[PDB]
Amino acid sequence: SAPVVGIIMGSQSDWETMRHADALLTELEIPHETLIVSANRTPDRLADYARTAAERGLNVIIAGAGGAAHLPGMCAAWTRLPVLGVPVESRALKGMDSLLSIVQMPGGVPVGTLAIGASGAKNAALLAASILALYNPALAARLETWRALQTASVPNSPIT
């Protein structure tokens, strides 16, 4: 039952986006936890979350935030685990501030960044799954089936 992925986000307003990561992990039967951790309002909460993640048994962190989106990169600063970043769409700049704040990490501290918005959340979960699948054969088979069905389900022509 113990979580192997942590989904963290900067605010409740991020949940409309990050719920797509939660749903997909659940779909693939990946146990996980989902939390609010603010890089700017709760920096010590973040420090503790990230530095203890590995010893708590987490394998991957998915971090979502918008605007001056420091949460994924600061999480990666404190954990040796892979951290995946979801740029949450922002009001004025449409997530371009989110995206650049996350993806442009300096050499030495990676964040694997996904697309702005719900696509990115879904793909963070899928990327996490593909990481876990490397060591978990049952999950690898579920993921294979999932990817194959996605391919097989694309229609051949538009409803014109």
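Note that residue numbering begins at 1 and tracks the sequence as displayed.
Comparing 131-139 with 34-42, the higher mean C-alpha B-factor in the PDB entry belongs to 131-139. The stretch 22-30 shows the higher mean C-alpha B-factor when 22-30 is compared against 116-124 in the entry.
When all modelled residues of the chain are sorted by CA temperature factor, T17 is found within the lowest third. Compared with the other modelled residues of the chain, the Cα B-factor recorded for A54 ranks in the highest third.
Sort the chain's modelled residues by C-alpha temperature factor and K94 lands in the middle third, per the entry.
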